[PDB]
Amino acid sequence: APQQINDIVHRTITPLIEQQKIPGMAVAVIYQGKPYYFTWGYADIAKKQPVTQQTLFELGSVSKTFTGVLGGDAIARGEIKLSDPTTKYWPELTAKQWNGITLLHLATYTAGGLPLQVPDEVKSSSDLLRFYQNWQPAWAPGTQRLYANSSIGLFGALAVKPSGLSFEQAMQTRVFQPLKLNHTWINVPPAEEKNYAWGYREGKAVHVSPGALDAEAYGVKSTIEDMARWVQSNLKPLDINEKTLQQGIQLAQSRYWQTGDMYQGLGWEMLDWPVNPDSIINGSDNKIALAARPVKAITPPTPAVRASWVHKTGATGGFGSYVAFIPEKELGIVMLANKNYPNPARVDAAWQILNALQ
């Protein structure tokens, strides 16, 4: 590999792994249309299985970027509009607080205080309906952002309804397959089980537990190679042959809301490049990232801005991931680990690497 890339990546990631006690890690740097891969440690400690370029990691909330692009593709297909009322796609949602809550609000966490999690007690479809029917907003729509699986997860479920496809079938056929992400999964198939890393939490091997809206909010598993291809697809949407997917990728990077110095896309979040590293590093801490914050509407949304830092953190109980890229520089990074270690450590490492290369 180019020595600059080798050195920049190793000098940043080796200490990170040591400090954070990460059992296994894979990193991709995407530099001018080419990926460079690096791996460390163990996918399975007990079985002594190393992390390889074929190891599957749980992406956790990085999955929301796939959800956002799938939703973008459904808009491009003319199947949904972000301006449509939620009730158009879920007519059983008759409670009055839903008047004025659109798919845009669901997609961007601005419905007015939908909770981070769907309650664990929600086990059935009828339970889910009751939950949303009985939910009371703290805020008028389009006024406060509160990061929420119950928000974007419902967006993903509704976005695919006109197609008649299940969320998994829509994702596979409309996103994974056209982009040749052949080792990216909502449900890991038996053929891939030998590559599926264990997550580690408090010294125990764990995989993500089933939950309502899991696929839509945090349920994708992928390899470092497929994730590098995902970054390249989001860096160069016009190279995608399928018109609706090409458009959907771009719609996910449109800037719909601003809070502080960040802009909310569909799944993706964006800041102007060059960024203040303190703002992305400190801003990534859950003390800010999961907080309720006022939003300014961007009226109308800015189309995807080339000079942006585009990124997403995400975790499950046993995994921690980060993806960031800068379209104007054709530059990106993917960091996948089988421990949920703090967001700011991820973002700090990514910025050190990308800043040294840009």
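All residue numbers are counted from 1 along the displayed sequence. For the two forms, the rigid core is made up of the largest set of C-alpha atoms that agree within 1.5 Å on superposition.
Greater average departure of CA atoms from the shown form, over structures and residues in 8 other deposited structures of this protein after a core fit, characterises 117 to 125 among 261 to 269 and 117 to 125. Greater C-alpha displacement in 8 other deposited structures of this protein (rigid core superposition, RMS over structures and residues), of 315 to 323 versus 290 to 298: 290 to 298. Across the other PDB entries of this protein whose models span the neighbouring residues, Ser284 goes unmodelled in a third or more.
For the segment pair 86 to 94 and 104 to 112, the entry gives 86 to 94 the higher mean B-factor, averaged over Cα atoms. In this crystal structure, the stretch out of 146 to 154 and 184 to 192 whose C-alpha atoms carry the higher mean B factor is 184 to 192. Residues shown: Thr223, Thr259, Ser233, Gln117. Highest C-alpha temperature factor in the entry: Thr259. Among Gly72, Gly199, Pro210, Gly265, the highest C-alpha B-factor in the deposited entry belongs to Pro210.
When the CA B factors of the chain's modelled residues are split into thirds, the value for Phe57 lands in the lowest one.
Among all modelled residues in its chain, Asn340 ranks in the middle third by Cα B-factor. In the deposited entry, the Cα temperature factor of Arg174 places it in the lowest third of its chain's modelled residues.
In the deposited entry, the Cα temperature factor of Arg255 sits in the bottom third of values across the chain's modelled residues. For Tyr37, the recorded CA temperature factor ranks within the middle third of the chain's modelled residues.
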